[PDB]
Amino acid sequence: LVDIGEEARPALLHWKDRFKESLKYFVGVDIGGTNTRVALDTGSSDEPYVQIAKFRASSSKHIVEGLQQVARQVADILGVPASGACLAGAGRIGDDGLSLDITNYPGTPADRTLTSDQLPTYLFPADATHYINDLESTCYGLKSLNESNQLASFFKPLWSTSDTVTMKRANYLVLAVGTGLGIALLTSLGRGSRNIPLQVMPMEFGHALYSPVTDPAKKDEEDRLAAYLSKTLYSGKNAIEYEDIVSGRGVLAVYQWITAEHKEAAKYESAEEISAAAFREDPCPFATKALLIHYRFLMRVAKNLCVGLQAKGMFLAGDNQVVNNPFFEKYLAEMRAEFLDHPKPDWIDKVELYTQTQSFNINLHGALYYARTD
């Protein structure tokens, strides 16, 4: 059901030609919402890494069965087991890096959990395989791009005193929106003599409870929407998480609430469709409004984390952000107004904001970096 592309084979064959008995390679896996991607990397930068598989998977069983097939196909080409491996995924990581609890999968906690118990040894060696979180891997991919001097080819500034994106020794939030709200922290700890290169801190602030607004022009609408989602999602028992709005499903729910009272309102069934409705030459204000509330709440969590974590900058990552940039930039004043809506605006009015400018699987990029520097 899963097959290694005939486009990747010549590169892998070339690796044997070149490295002969000394061949060693690392495995990276990116478990996306819809597709899981596998790439191999020799670890010398004069040989580009090679994406070997992309297959649809939405359950631990699918993911693991696919990885088993890919492993058998690599065994018939490279003929030597991988020397290390890293898998990135949308969930919490066990203390030892040997498990991943995929937060928004259906099923029991057992159903959502990937371990290395069923991973094929050929690609995932016993003592050198680790799971990491997806925004955690985004941070490693940013570190890798920056060490290769290519970061500015993939990110541009929206708020900055400079026209090019550079990473300093400072705290940076990294955010991406898809099946969930992903947020991680690139952090510089220690001052002066104690300073350490940027470390990656995975986080789960997508699931923190939301913060309200008192701006009268918005309080009424948000109060009604929050009450409506608490009702429909939790039967009133809890307030919403940021992720209940800042996600694919949240975009759908906000739009449905916006159009709850209009039968003739264009029905859509995915954030992708609602976004496309907001991006077309004459968009319907319902779609426009849903996306604005979505992004308002992304700016709301970002503003509180920038205060709390003393971030100097923010990266908006993800291929969907590339698609959404014209809309986000068209309403950047609305974004910035929400971001500065805080009793201490001087604490954050210099925080920089960078956005991804071309599609690129930075999660896979981070997974390979992790595996080969481990």
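Start at 1 with the first residue shown and count on from there.
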**Fill in**
Going by the entry, of stretches 126-134 and 218-226 the one with greater average Cα B-factor is 218-226
**Prompt:** Which wins on mean Cα temperature factor, 109-117 or 196-204?
**Reply:** 109-117
**Item:** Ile183, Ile245, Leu98, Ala265, ranked by C-alpha B-factor: the highest one
**Value:** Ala265
**Fill in**
Per the deposited B-factor column, the C-alpha that peaks among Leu78, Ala90, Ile293, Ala277 belongs to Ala277
**Request:** Just say lowest, middle or highest third for the CA B-factor of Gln256 relative to the other modelled residues in its chain.
**Result:** highest
**Message:** By the recorded C-alpha temperature factor, relative to the other modelled residues in its chain, which third is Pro157 in?
**Reply:** middle
**Asked** Which third, lowest, middle or highest, does the CA B-factor of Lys303 fall in along this chain?
**Response** lowest
**Asked** Lowest, middle or highest third: where is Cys139 by C-alpha B factor in its chain?
**Response** lowest
**Prompt:** Which third of the chain does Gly84 land in by C-alpha B-factor: lowest, middle or highest?
**Reply:** lowest
